[PDB]
Amino acid sequence: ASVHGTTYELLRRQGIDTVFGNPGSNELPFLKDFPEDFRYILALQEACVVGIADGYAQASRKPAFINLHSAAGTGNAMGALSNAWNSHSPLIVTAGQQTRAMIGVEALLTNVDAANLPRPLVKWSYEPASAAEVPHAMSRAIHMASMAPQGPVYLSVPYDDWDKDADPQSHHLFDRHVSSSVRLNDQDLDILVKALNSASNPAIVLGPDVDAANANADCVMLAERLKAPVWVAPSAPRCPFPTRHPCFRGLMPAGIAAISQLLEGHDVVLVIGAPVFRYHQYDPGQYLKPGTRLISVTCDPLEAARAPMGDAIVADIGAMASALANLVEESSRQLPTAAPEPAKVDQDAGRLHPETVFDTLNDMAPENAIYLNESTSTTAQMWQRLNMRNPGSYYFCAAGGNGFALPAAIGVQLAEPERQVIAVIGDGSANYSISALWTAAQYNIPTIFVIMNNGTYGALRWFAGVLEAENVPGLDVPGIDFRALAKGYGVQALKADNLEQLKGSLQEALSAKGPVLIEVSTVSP
Amino acid sequence: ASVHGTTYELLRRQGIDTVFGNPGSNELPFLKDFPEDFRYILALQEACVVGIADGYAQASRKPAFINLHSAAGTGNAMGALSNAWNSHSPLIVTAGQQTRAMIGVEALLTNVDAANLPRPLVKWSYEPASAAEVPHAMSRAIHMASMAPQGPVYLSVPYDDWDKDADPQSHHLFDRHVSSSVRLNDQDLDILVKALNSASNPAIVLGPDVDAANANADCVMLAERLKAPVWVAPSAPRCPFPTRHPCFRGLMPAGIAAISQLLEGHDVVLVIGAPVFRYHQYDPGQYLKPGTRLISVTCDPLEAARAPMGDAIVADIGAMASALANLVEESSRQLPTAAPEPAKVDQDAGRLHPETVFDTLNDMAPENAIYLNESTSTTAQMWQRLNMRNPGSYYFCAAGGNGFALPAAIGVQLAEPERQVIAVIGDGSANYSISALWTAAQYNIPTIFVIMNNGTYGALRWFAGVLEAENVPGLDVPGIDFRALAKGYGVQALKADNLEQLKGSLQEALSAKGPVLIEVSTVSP
Amino acid sequence: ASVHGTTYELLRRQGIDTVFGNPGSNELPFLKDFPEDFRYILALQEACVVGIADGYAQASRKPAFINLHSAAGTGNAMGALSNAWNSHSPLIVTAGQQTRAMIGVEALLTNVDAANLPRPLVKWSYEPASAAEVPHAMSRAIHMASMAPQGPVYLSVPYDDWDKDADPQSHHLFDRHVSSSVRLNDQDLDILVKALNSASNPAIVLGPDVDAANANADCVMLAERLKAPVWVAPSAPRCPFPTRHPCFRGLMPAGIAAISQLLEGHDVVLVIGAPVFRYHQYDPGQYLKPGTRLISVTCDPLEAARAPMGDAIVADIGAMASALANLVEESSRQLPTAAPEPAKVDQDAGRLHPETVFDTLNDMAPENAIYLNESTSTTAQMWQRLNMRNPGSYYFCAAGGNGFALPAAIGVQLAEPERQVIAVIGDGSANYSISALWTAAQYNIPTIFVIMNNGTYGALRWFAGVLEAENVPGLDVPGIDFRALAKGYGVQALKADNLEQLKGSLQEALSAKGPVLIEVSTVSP
Ligand SMILES: Cc1ncc(Cn2c(C)c(CCOP(=O)(O)OP(=O)(O)O)sc2=O)c(N)n1
Ligand SMILES: Cc1ncc(Cn2c(C)c(CCOP(=O)(O)OP(=O)(O)O)sc2=O)c(N)n1
Ligand SMILES: Cc1ncc(Cn2c(C)c(CCOP(=O)(O)OP(=O)(O)O)sc2=O)c(N)n1
Ligand SMILES: [Ca+2]
Ligand SMILES: [Ca+2]
Ligand SMILES: [Ca+2]
Ligand SMILES: [Ca+2]
Ligand SMILES: [Ca+2]
Ligand SMILES: [Ca+2]
Ligand code: NA
């Protein structure tokens, strides 16, 4: 067998059947004779390729396979890898290298010092020392991406390797099963459970790895047993809990003092599947108030090490959530009371308030819709106004890097063909990965893109106000016609200048058979 | 003085007056109170920011200053840095970091292990250990980018540093002058000159660092004195010689055997300002034939070390070209005969052959036009058909990374307001950095963009044919309306489906007062 | 509180009370006002410092704290870190940096790009962005070294940081408890247990992480229940099993084909706490024979990913060994039969055969002796001839790097004051870290050093024979007087030229009150 044949066999035996890519010359020997059981998803720029793959991996809860071109293609994807690192996304990033005989001379298209290029945003990064090693290196990449804590990995392959003979012993790779589905030992788990059972006023904080593990339902059982309020950890990349459940208390503010004040009076705070914590604004004060102690369950040693307070347990979130939910006592305390609905903001017949947009989406969207957020000044309102009952219903750029949601929404829609994806993206953010629209058109992936057009980088105006910074350039983005961009890439487009038009546009989009972009004129901040 | 005030003073004292950027939260404390004598050029995605800055630096022959956001913004620019590394572009890349007090916790927007992120594509990469060090670190960045061999550098700055007090001793930085304008010692230079004077059939090969040094005219004098044919080294990022001068012989083929065959019979081959050599296709054979010896003058130790043959001298290209041109004897040999004009290809009333497009551009464009090339299957024809008399007249992605020419053409046009820039970009390549169009519209930078639309990644079909690779996915890019994309970003747009319309479109574009995009229907390969 | 006071409080609250070091100027602000409850162990060269700390950490099963000087001191320790990486040794390596105000100028003693220096041999490597972050960075280092898979970490601290004010919120660091004591979920653990219970001819292979976890006794119970033979994985850094237990089968040969042949006929091979596998010689063939399947339990994702065959589970070795030992059925198969004693080799009245030395050690040493091995040509005989009943009884350089055993034996003896340590070290290996002898003398740490003096690098002669390599220089090390070296560093020294003198020398050494070196004249290979 060739390295080509052996590697595609390994991939299919490990459950991989899709290549997200933008091709180049070093990759043609890999892509040729493309197997009939695989499918290739082209995107026009590598941030788009990786964003699509990332949404697909996060929603499908399985690794996604990517093929990029050498250093320039890898480099174009590096901002997307920033986000994937902070979402623990299992991404297998492969890139083609020059033929081994010209790597030394640094021929055009040589990826120099290739393994160092995507560092520090990958868990593992490698270029094999010979062609026959390629399948074994691919096996390493698959497992490194997939083991807890999941994350992106990188493999560079000289183009001449694919046609070489494989090692006959590579067959031992095909059916390897690697598990990290582990939980705390019984003795120590009993100590934790007793601490939770004994707490007088526990609180629960959940992060993205809960949703990645599909631990959401177990966390609902845990919160119901403990009679405990539940928040989402700050800067949330995913939604780990039903947002209208009576225990839900919303998105935590991303500040040190704000969080310790919120937790004041809670004796035990159990954090599951989050860093402790993804603060943003500097809001100095106490990490925790006297009387509060914190216990974190995390799948990532790096998160456990860097928490500034609390105890930690490094284990699989699915296994731990299941065990805790099933072991804790039912407390005799009263179940928390559901938060009241948000108020309707006043809305005239002109430009839309973001609150109106989210209320209207909540009214019109299916109950199993999936939302993505890159409308960066409106996140708090989004979290208050969308009832997200089901797992896998929300994604936000985990590193804060714009350019995620537009492509990721396409990947999510590919992963979840029966759940309508609705990406709510600001006019600023829409540009970073605009060409991803083309992939939705070409493959008829029926994502709805809602562009919140207020003419400015609103979240930067917000932060400038926090800093009391004046005379800052570069904050306005006038003069973009998003319907023309959508037409450019073959996507049906609508505009909503007022509420009547927003309702009409959403009704048309929801009954369309392909992707649709709606440009919404929103109020300037 | 604050670090902010001191750093802008250093920048202006070192000749920097423009910030190319896409802002974020960590950068607002740098950008605030933006000085009145500076200008800020916004682009909508970081590949665009860096491409614009790169074109500006290459055309202006001076460093360009960039400001990006943390890891995600830096990462989005990494493919652009691939190209800048191989063009020796003097780019000062700055990125904002989180406040020092939350770097440890890895708050949102922390750039983890920041200096390793852009490696291996930068000459120098650093995050200062204290606020007061920032001006001194900026000084290092300026000089590292600017000294031979020029190239990109990276500086990460915690956002809280800018308001801190500067070191009063930072004033010693402001007027430092650093020179690398050096040439081989007299004794050894005399030996080289005697070898050139003695040669029976010398040849000259020129690379991009000739054009970067503005050594072009000196190289013309040298070639005229030596009566020697002149080629351009393969995979050429710039044009180092007048393309209708009698000595000019065109772009070398990017293959080992092809080059040694071309040089056969030349006893001494003098390479100036090029790697030896940027081959692409694998074309194995002799590096040089018996009877040919090679001497390379390069500004880059890495190029001198990796050449597989020849002697080398590491020195400034401007200083060496001037010295050689003025020291060599005038040979009594006959001056080489100019190459004949290319033939007109047959052209019917339908889709355009690329050769027709280039002939028409050559007929209609001003004599001091500047061209950029990202029409990757048509490079050889472009080189044959455009008379480029002047320095600074051609740019092509030096690492082969698509996404350079569209933004770079804007930067070049900014650098050269009196020379009409015409970027010839394939339909595939146009997408990588499409949002750069917006910057041309907003700042009214009157670049002309000629989109060669053949529906496919033609150069990849070419390489697949070289490999005899079949059943490759992802090679076609149907369904893009470039006039709608241009309208999306505010750029006037025209379409040319035939030669009559191409002439009309070019006449309109050349008399327009702002940027113009022309979508040209070209023949499918 | 100062950073100094806060950091020593963190250290003592996390169980650290000893600093292994070689001081320098950048470290004096850390070491000053040294707390009375700590002790400082000086060694004369940094390979020695780290080797001592490594033996201490491995034997004490807890992290060891090291302080080295800047880049040169860190660099001198890098070979020792090679070994520590492959033994999963929890080492907290700190090094002093220049004052922040001169880092930029690169004053003498600046550690440039410090965090990259010990890479790739550390799990985590960092220099804090401010003085107030130092305690939090130290907390990260402690936990990163200590969490599974344990390993070395690196922290660089500018010397001016220690006297700065600490953050009052650093107290939350002091009592953090971080656990990685995890095991496979119940459902999947039951599947594994059923597979073991069902096996017709199981085999067990154990590696060093068993001994690190003190899982040895659980592995004895497991082997007795399963009625299974037990080997030690190749290139063994530790001894995980009693070597005279009836199930024990010895050290595996370090070759692919040799291992698959050894395992032939075993239907299920359970590997615990080892890489799969640390082969040495290239012995190509089948990784496993038909009929054998492999299951690995490893604490290290990197080991699970790179195994070329088998299933894997990533979990804590102590927790998994305990669970398996207690859950499996007692098989009705007959218990394996103990291996017979090794034969006595013929020995005349002259130079000693290594087999004689090991037999004599086994006869004379206490039953709870601890051995170290850096007599590299005699490892197989050592493993056959020493009855090691107890955990923590054997150490060998895990990366194969000479210079470990001499210092490590001192650290082990410090960790285990009531168990006599006997380091068996070749004449070649003894030189790498010879100055470590001084630390044994100064602190009266009563290690016995047995120098096997055959005049040559015997293991290299062995490998040269495997390669059929001739005319190799540098293999002989004549002319070293080890008694004079021992006298140089204050250690009592004896010589044994024959068996009578070996017995007499060992009797004297075993009844000495301090360290003793015995130079043994062994047969030349
Ligand atoms: C890759 C990248 N570049 C720049 C930024 C900075 N950035 C920018 C540019 C934001 C503004 C986005 O504007 P929008 O129109 O999408 O939404 P709002 O107007 O609601 O903020 S939010 C933010 O953090 C970033 N985080 N990531
Ligand atoms: C960043 C990046 N991604 C992908 C490629 C691979 N690539 C691609 C995708 C080419 C085709 C460009 O198509 P075009 O329409 O711009 O021009 P032609 O049809 O004339 O080739 S040429 C080439 O090397 C690359 N070099 N750089
Ligand atoms: C730091 C280091 N340097 C060199 C070696 C090479 N080396 C050397 C030099 C060996 C010979 C050791 O000789 P010895 O006298 O200690 O024992 P033997 O004569 O029994 O081999 S074994 C071995 O791998 C190494 N592994 N590590
Ligand atoms: Ca098919
Ligand atoms: Ca906006
Ligand atoms: Ca002005
Ligand atoms: Ca094309
Ligand atoms: Ca004391
Ligand atoms: Ca020896
Ligand atoms: Na990098």
Side-chain angles (χ1 to χ4, degrees), chain A residues 71-72 74-79 81-82 85 93 95 111-122 124-125 127 152 154 156 351-354 357 373-379 381-382 402 405 424-432 450-464 474-480 482 519-525, chain B residues 22-24 42 44 71-72 74-79 81-82 85 93 95 111-122 124-125 127 152 154 156, chain C residues 8 12 17-19 33-41 113 115-116 119:
Chain A
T74 299
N76 281 347
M78 283 305 301
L81 293 178
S82 172
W85 176 264
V93 183
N111 186 353
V112 175
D113 202 20
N116 280 335
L117 175 61
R119 295 184 168 137
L121 303 180
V122 289
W124 187 71
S125 191
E127 181 173 290
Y154 186 73
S156 173
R351 295 179 74 93
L352 287 300
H353 290 282
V357 179
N373 176 19
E374 209 164 275
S375 174
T376 40
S377 68
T378 65
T379 298
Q381 288 309 312
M382 187 174 187
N402 308 85
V424 183
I425 302 169
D427 55 315
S429 291
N431 306 292
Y432 290 80
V450 175
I451 309 307
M452 302 287 276
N453 188 358
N454 64 15
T456 190
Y457 288 148
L460 299 185
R461 292 185 174 279
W462 166 77
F463 199 61
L475 301 189
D476 298 327
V477 289
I480 307 174
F482 293 94
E519 183 183 328
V520 184
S521 299
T522 60
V523 296
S524 170
Chain B
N22 181 265
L42 178 64
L44 299 177
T74 299
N76 281 347
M78 283 305 301
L81 293 178
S82 172
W85 176 264
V93 183
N111 186 353
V112 175
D113 202 20
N116 280 335
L117 175 61
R119 295 184 168 137
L121 303 180
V122 289
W124 187 71
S125 191
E127 181 173 290
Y154 186 73
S156 173
Chain C
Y8 281 105
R12 67 173 62 86
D17 58 31
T18 299
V19 178
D33 305 331
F34 194 68
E36 291 172 75
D37 66 314
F38 279 66
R39 68 181 169 181
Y40 187 90
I41 304 290
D113 202 20
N116 280 335
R119 295 184 168 137

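One-based numbering, in listed order, for ligands and for the atoms of each. These numbers come from the heavy atoms of this one structure, side chains and all, not from hydrogens, waters or symmetry mates. Lettering follows sequence order; numbering is per chain, from 1.
A salt bridge between B/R119 and C/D113 is present, with a side-chain N of the basic residue lying under 4.0 Å from a carboxylate O of the acidic one.
Atom OD1 is the N/O/S atom of A/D427 found closest to the Ca ion (ligand 5). The atom name of the N/O/S atom in C/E36 closest to the Ca ion (ligand 8) is O.
Considering A/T74, A/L117, A/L81 as possible partners of B/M78, the one that fulfils the side-chain contact (heavy atoms from CB on, under 4.5 Å) test is A/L117.
Among all heavy-atom pairs drawn from B/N76 and A/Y432, the shortest one is ND2-CD2, 4.1 Å.
Residue A/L475 holds its CG atom at 8.5 Å from CG of B/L42, rounded to the nearest 0.5 Å. Here the CG-CG distance, from B/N22 to A/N431, works out to 9.5 Å after rounding to the nearest 0.5 Å.
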List the steps and the verdict of side-chain hydrogen bond (donor to acceptor under 3.5 Å, both in side chains) for A/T456 and A/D476.
CA-CA 4 Å; A/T456 190; A/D476 298 327; 2.8 Å; yes

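With 3.0 Å as the limit, C/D37 does not count as an N, O or S neighbour of the Ca ion (ligand 8).
The OD1 atom of A/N454 and the O atom of A/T456 subtend an angle of 80° at the Ca ion (ligand 5), given to the nearest 10 degrees.
Listed by chain and number, the protein N, O or S atoms at a distance under 3.0 Å from the Na ion (ligand 10) are A/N116 O, A/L117 O, A/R119 O, B/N116 O, B/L117 O, B/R119 O.
Using a 4.5 Å heavy-atom cutoff, the side chains of A/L460 and B/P23 are in contact. For the pair C/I41 and C/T18, the minimum side-chain heavy-atom distance is below 4.5 Å.
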